[PDB]
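J.: Chains as they are written, first to last, in the authors' numbering: chain H, 4 to 117; chain H', 4 to 117; chain B, 1 to 132; chain A, 1 to 132; chain C, 1 to 132; chain C', 1 to 132; chain C'', 1 to 132; chain B', 1 to 132. A prime marks a further copy of an entry chain.
Structure below; questions to follow.
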Amino acid sequence: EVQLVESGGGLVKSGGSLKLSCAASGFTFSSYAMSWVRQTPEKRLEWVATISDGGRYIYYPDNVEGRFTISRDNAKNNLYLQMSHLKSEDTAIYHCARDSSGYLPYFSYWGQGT
Amino acid sequence: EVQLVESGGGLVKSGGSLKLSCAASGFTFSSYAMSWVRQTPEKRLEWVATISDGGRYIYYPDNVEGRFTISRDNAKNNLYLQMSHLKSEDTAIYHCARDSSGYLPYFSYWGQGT
Amino acid sequence: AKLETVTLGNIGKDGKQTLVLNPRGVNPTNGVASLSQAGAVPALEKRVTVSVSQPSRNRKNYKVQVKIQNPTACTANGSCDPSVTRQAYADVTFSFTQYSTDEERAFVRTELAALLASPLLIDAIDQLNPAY
Amino acid sequence: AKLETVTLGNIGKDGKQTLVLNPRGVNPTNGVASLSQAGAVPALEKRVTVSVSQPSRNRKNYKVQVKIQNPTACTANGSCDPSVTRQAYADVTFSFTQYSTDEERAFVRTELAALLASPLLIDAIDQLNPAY
Amino acid sequence: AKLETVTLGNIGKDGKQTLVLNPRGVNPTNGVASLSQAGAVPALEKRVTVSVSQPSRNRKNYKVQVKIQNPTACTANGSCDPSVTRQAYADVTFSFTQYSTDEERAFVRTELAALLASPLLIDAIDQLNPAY
Amino acid sequence: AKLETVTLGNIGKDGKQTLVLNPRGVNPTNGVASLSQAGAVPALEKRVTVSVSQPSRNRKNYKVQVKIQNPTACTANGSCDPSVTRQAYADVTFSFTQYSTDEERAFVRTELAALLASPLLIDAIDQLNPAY
Amino acid sequence: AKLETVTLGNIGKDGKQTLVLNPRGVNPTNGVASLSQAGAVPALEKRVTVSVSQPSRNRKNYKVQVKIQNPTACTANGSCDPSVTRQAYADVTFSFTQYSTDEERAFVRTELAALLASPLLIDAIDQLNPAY
Amino acid sequence: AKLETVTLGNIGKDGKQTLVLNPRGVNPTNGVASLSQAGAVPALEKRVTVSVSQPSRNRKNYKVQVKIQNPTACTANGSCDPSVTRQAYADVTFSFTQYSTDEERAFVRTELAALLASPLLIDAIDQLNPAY
């Protein structure tokens with residue numbers, strides 16, 4: 004059972020920072036690529052970031068790239084998103100997702116939280 | 004010699020009911036699909052009903068479906084048609100027929116009666 | 001029964017194909033009855049054979065046996081009449097004893113005909129996947 | 001496919017019974033999937049086995065094989081657990097080469113499924129009469 | 001000729017019972033052709049066989065043989081299957097030479113039938129009284 | 001069924017530790033299925049094996065066997081590799097007949113589990129006290 | 001410790017049944033301690049035994065053994081006493097060295113219990129499915 | 001891991017080609033897992049197989065093994081369906097011991113994947129030139 008729960012959450016002001024986390028049990032965490040996908044209050048999905056198996060190849064979109072940062076901990080099986088500068092569009096749900104066994108991700112398993 | 008004789012017959016009023024029967028000797032009755040085909044006094048043929056080998060799959064046309072009912076008795080080798088509600092178009096000959104070894108029937112053997 | 005033309009409907013993946021099989025006599029030397037398709041060349045015909053063997057001093061069982069043979073043919077480079085490229089076979093054997101009732105035999109027949117339309121077997125036969 | 005439970009409805013001569021089947025795993029020696037009846041005791045349940053065999057250096061074509069057996073339980077006197085009196089068997093084997101297509105294999109499967117409901121095979125299998 | 005379903009009527013001590021016989025193939029090793037009654041549990045069927053010498057060119061003696069056997073059923077207490085207490089047999093052999101005509105053979109057959117309908121032999125067989 | 005990653009929770013004397021087991025295939029020669037813990041240096045892994053008798057038709061005794069072994073690591077001074085000082089074993093065998101039902105087997109399994117949670121046996125095993 | 005009446009709760013496939021075991025002394029010849037269920041006709045009792053190695057000074061291997069047997073009753077027709085058709089067995093052996101700690105033994109015991117509550121083993125034992 | 005569809009990108013000399021590989025089950029009799037392409041005819045499929053073997057009484061090594069098979073097919077003069085003309089193979093064997101850490105294994109894997117994209121090996125494999 005692929006399980007993904009999130010922490011951090013938050014209610015911040017503008018220009019602040021926060022660190023979202025993800026716990027990721029049920030499977031061999033260090034093999035798979037992981038990803039963040041947020042959902043706006045007007046119910047639109049947006050890709051946020053992806054990372055590789057060992058944390059080497061990291062992808063961001065242009066709306067995100069200067070001020071978000073993701074990382075892994077393959078010993079604690081944790082996924083991390085470092086949010087910063089928070090310019091008031093960042094008011095979404097921020098799901099975790101496991102990427103497909105592939106080249107570029109299609110999310111198969113999802114985590115509800117935050 | 005595939006033999007098929009009918010009973011019941013009848014002279015009814017409108018809105019009544021009757022039960023036609025069929026005796027079916029000469030062949031292994033329980034293997035074949037059986038059918039009813041009536042012939043109007045203006046000499047037009049009309050399919051009435053079909054049944055399967057064991058009595059599971061029963062077909063009717065739209066002019067018939069709510070008020071006729073057919074059944075088999077594979078121990079007594081009898082075929083039954085339960086006519087009901089008799090709305091004055093039902094003044095025909097009502098032949099028995101053995102279906103072809105097929106999917107949808109073409110009648111090969113016919114029974115004269117009623 | 002008596003050999004007449006068997007016409008089978010709802011065949012294929014879509015279930016919109018039919019096939020007619022015309023009687024080709026019973027072979028007296030083994031008791032095998034034959035149905036075939038309607039071609040002129042005998043090597044291109046899809047055929048069905050069916051037999052049933054009584055108990056003897058050796059087997060002590062009733063043995064029903066059905067075989068299906070479908071050739072696929074194509075004409076090659078520099079060839080005029082089509083030759084048979086492939087053969088798809090099927091071979092069903094039913095085995096019963098002297099004290100079996102007819103309802104048991106009908107149960108086995110309908111059980112096989114219902115297994116052949118279940119997603120396990122239509123995935124094992126069509127796409128060639130062992131059940132895993 | 002996945003070994004799940006299989007419900008076989010519209011089964012039997014009247015066509016009103018069901019046979020529910022629970023997966024019993026595969027066999028690491030043979031490679032054969034197994035399925036048994038819901039309820040049971042062992043040695044008194046209805047069994048379905050299925051294998052798929054790939055080409056090798058010995059046989060060049062694929063081979064799918066289904067094998068169903070079912071017993072009859074008779075309660076003798078002086079004993080509390082039933083014995084088996086009769087077994088009924090059926091085993092289909094399909095043979096397909098490596099250049100065969102999905103349409104041909106589905107045609108064989110659905111042809112056999114449609115053919116076992118035809119009056120020739122009714123009267124051959126559950127009445128044991130040959131064709132004439 | 002070719003075997004078909006033989007329906008025999010007005011049988012028994014009263015003359016009301018019927019007997020429907022279905023064909024069950026030709027034994028290739030001796031040419032004996034079988035007919036049997038559509039009854040469940042095939043060990044308990046009325047069985048009739050007929051055997052004619054095959055027409056050669058230098059055969060001196062044509063020989064016809066008819067055999068009837070009817071079993072009785074006994075559901076013995078303490079079992080699930082009926083068994084056979086009794087059989088009733090009949091064995092008729094006709095012997096002709098190669099210069100015999102159709103009317104001589106027909107006279108012998110209709111004579112035997114008219115004797116079996118005669119009160120000498122529905123007293124020697126039905127009541128077991130020797131003629132004296 | 002098919003092996004998957006088994007996560008066991010609330011283990012130990014306190015009831016907090018976990019154990020995540022990944023599948024490691026079936027031995028084809030005897031059918032034993034392995035599970036092992038994701039730990040570096042594969043000589044130092046928590047290992048669990050499970051072995052069930054394969055369902056035949058004439059098997060009299062079904063037999064289940066579970067084995068646990070947990071090693072301990074000792075980085076001996078004067079070497080680069082940890083070695084195994086100790087193993088801790090566990091060997092559970094269930095034995096059933098072919099007429100046993102599901103509820104009898106389930107009662108035996110849940111009884112053994114409820115005994116291992118009982119203060120008689122978390123005193124005979126944890127503290128090594130014989131019952132007297 | 002000292003034996004007492006062990007009441008085990010929530011047993012079975014549903015998780016409702018109980019089992020009350022009363023102590024039945026220590027065998028002096030091997031140290032095996034017995035528990036049995038308060039049921040009439042003492043040949044038909046749920047029986048549990050536990051055996052621990054006695055603590056010496058130079059013992060290298062501590063060994064715990066638990067045995068469960070549950071019989072079934074069959075009032076055979078034509079007798080006054082119930083007999084035993086079936087037994088259901090369980091045999092658990094723990095093996096430890098003299099340098100093992102309390103937490104290692106407790107981890108092995110709670111691991112075996114958590115496996116017996118896991119769907120891998122209430123499918124291998126309850127339904128007799130080998131893991132593959 | 002668990003077999004799901006593997007999609008590989010940046011393949012070819014240009015690096016602008018993809019390939020999807022769908023799971024085709026694990027073979028229980030050797031432990032070989034299979035991925036194949038999405039055709040109907042099984043002889044035209046590009047396939048990948050992967051296994052990993054535990055140490056035994058003979059080898060004493062963990063052995064990972066990957067195989068790649070790519071057929072190339074074309075239809076000939078006077079032929080209708082395409083036949084397989086050529087086969088391009090690949091066969092990688094990894095070998096490790098019981099005391100190897102996971103970082104060593106990951107180093108060997110990434111070292112191979114980095115050698116396969118270096119001008120020495122892409123000149124030795126593409127243009128078939130020994131390193132001189």
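Using N, Cα and C, we set each Cβ at its ideal position, and we do this for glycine too.
Closer than 7 Å by C-beta to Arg70 (chain H): which residues in its own chain qualify, once you throw out the five before and the five after it? Chain order, please.
T.: Hits under 7 Å: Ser87 and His88.
J.: Can you tell me the Cβ-Cβ gap for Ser36 (chain B) and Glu45 (chain B), rounded? I've got them flagged as a contact below 8 Å.
T.: Confirmed, about 5 Å.
J.: Taking only runs that begin and end inside the segment 26–94 of chain H, name each unbroken beta strand (DSSP E) of 3 or more residues, in chain order.
T.: For the segment 26–94 of chain H, whole beta strand (DSSP E) runs of length 3 or above, ordered along the chain, are 37–42, 48–53, 71–76 and 81–87.
J.: Here's the rule I'm using: 16 or more other beta-carbon atoms within 10 Å means buried, otherwise exposed. How should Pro119 (chain B) be labelled?
T.: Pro119 (chain B) should be labelled exposed.
J.: Applying the criterion that 16 or more other CB atoms from any shown protein chain within 10 Å of the CB defines a buried residue, is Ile125 (chain B') buried or exposed?
T.: The residue is exposed, with fewer than 16 neighbouring Cβ atoms inside 10 Å.
J.: So with Cβ pairs under 9 Å, would you call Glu4 (chain C) a contact of chain A?
T.: Yes, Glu4 (chain C) counts as interfacial toward chain A.
J.: Could you tell me which of B:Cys80, B:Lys2 and B:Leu115 sits nearest to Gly9 (chain A), measuring between CA atoms?
T.: Minimum Cα distance to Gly9 (chain A) is reached at B:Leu115.
J.: Going along the chain, which residues of its own chain have a beta-carbon closer than 8 Å to the beta-carbon of residue 134 (chain B), five neighbours each way excluded?
T.: As displayed, chain B neither begins before 1 nor continues past 132, which places residue 134 (chain B) out of reach and without an answer.
J.: Select from the segment 97–130 of chain C' all residues with a C-beta closer than 9 Å to any C-beta belonging to chain A, and list them in chain order.
T.: Correct list: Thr97, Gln98, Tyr99, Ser100, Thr101 and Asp102.
J.: For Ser10 (chain H'), which residues of its own chain have a beta-carbon under 6 Å away from its beta-carbon, when the five flanking residues on both sides are left out?
T.: Here the set comprises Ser24.
J.: Residues of the segment 16–28 of chain H' with a CB closer than 9 Å to any CB of chain B: list them in chain order, please.
T.: Within the segment 16–28 of chain H', no residue has a Cβ that lies closer than 9 Å to any Cβ of chain B.
J.: Starting from the C-beta of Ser53 (chain B'), find all residues in its chain whose C-beta is less than 6 Å away, skip the five residues before and the five after it, and write them out in chain order.
T.: Around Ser53 (chain B'): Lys63.
J.: Could you please give me the residues that DSSP links to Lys67 (chain C) through a beta bridge?
T.: Note: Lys67 (chain C) sits in a beta bridge opposite C:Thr49 and C:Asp91.
J.: Sort out for me which residues DSSP pairs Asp102 (chain H) with in a bridge.
T.: Answer by DSSP bridge pairing, in chain order: H:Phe110.
J.: Using the rule of at least 16 other Cβ atoms within 10 Å of the residue's Cβ for burial, across every protein chain shown, is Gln98 (chain C') buried or exposed?
T.: By the neighbour-count rule (16 or more Cβ atoms within 10 Å), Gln98 (chain C') is buried.
J.: Report all residues from its chain with a CB closer than 7 Å to the CB of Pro82 (chain C); omit the five preceding and five following residues, and keep chain order.
T.: So the qualifying residues of the chain are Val41, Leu44, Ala73, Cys74 and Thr75.
J.: Can you give me the C-alpha to C-alpha distance between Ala113 (chain C) and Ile68 (chain C), rounded to a whole angstrom?
T.: Looking at the two C-alpha atoms, the distance is approximately 15 Å.
J.: Mind checking whether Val32 (chain C') and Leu21 (chain C') have CB atoms under 9 Å apart?
T.: No, the pair does not count as a contact, with Cβ atoms beyond the cut-off.
J.: Whose C-beta lies closer than 6 Å to the C-beta of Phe94 (chain C'') among residues of the same chain, with five residues either side of it excluded?
T.: Contacts found: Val64.
J.: Using a Cβ cut-off of 9 Å, which residues of the segment 10–42 of chain B' contact any Cβ in chain C', in chain order?
T.: Within the segment 10–42 of chain B', the residues whose Cβ lies closer than 9 Å to some Cβ of chain C' are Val26, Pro28, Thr29, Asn30 and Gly31, listed in chain order.
J.: With 16 as the cutoff for other CB atoms within 10 Å, does residue 3 (chain H') come out buried or exposed?
T.: This structure gives no information on residue 3 (chain H'), because the portion of chain H' shown stretches from 4 to 117.
J.: Who are the neighbours of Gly57 (chain H') on chain A, taking C-beta pairs under 7 Å?
T.: Within 7 Å Cβ-Cβ: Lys13, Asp14 and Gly15.
J.: Using alpha carbons as the reference points, say which of B:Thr18, B:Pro28, B:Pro55 and B:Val48 lies closest to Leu121 (chain A).
T.: Among B:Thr18, B:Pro28, B:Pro55 and B:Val48, the Cα nearest to that of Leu121 (chain A) is on B:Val48.
J.: If you measure beta-carbon to beta-carbon, which residues of the segment 55–66 of chain C'' are closer than 8 Å to chain C'?
T.: Residues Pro55, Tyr62, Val64 and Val66.
J.: Return the CA-CA distance between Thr110 (chain C) and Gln17 (chain C), expressed in angstroms with no decimal places.
T.: Answer to the nearest angstrom: the Cα atoms are 22 Å apart.
J.: In this structure, how does DSSP classify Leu19 (chain C'') when only helix, strand and coil are distinguished?
T.: Reduced to three states, the DSSP call for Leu19 (chain C'') is strand.
J.: Residues of chain A with CB under 8 Å from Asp81 (chain B'), in chain order?
T.: The contacting residues are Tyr99.
J.: Thinking C-beta only, is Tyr60 (chain H') closer than 9 Å to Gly15 (chain A)?
T.: Yes, the Cβ-Cβ distance between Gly15 (chain A) and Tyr60 (chain H') is below 9 Å.
J.: For my contact list, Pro44 (chain H') and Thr94 (chain H') are in at a C-beta cut-off of 8 Å; report their separation, rounded to the angstrom.
T.: Yes, they are in contact, since the Cβ atoms of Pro44 (chain H') and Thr94 (chain H') sit about 6 Å apart, within 8 Å.
J.: Who are the near neighbours of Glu4 (chain H') in its chain, counting only those whose CB is closer than 7 Å to its CB and skipping five residues on each side?
T.: The residues are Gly29.
J.: Does the Cβ of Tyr35 (chain H') have 16 or more other Cβ atoms within 10 Å, making it buried, or fewer, making it exposed?
T.: With 16 or more other Cβ atoms within 10 Å, it is buried.
J.: List, in chain order, every chain B residue whose beta-carbon is nearer than 7 Å to that of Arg47 (chain A).
T.: In chain order: nothing, as chain B lies at least about 11 Å away.
J.: I'd like to check one pair, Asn77 (chain A) with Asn30 (chain C''): are the Cβ atoms closer than 9 Å?
T.: No, the Cβ-Cβ distance between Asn30 (chain C'') and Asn77 (chain A) is not below 9 Å.
J.: Once DSSP output is grouped into helix, strand and coil, what is the label at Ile96 (chain H)?
T.: Here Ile96 (chain H) sits in coil by DSSP.
J.: Measure from the C-beta of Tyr63 (chain H') to each C-beta in chain A and report whether the shortest distance is under 9 Å.
T.: Output row for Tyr63 (chain H'): interface = no.
J.: Give me the DSSP bridge partner(s) of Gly12 (chain A).
T.: DSSP output for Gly12 (chain A) lists no bridge partner at all.
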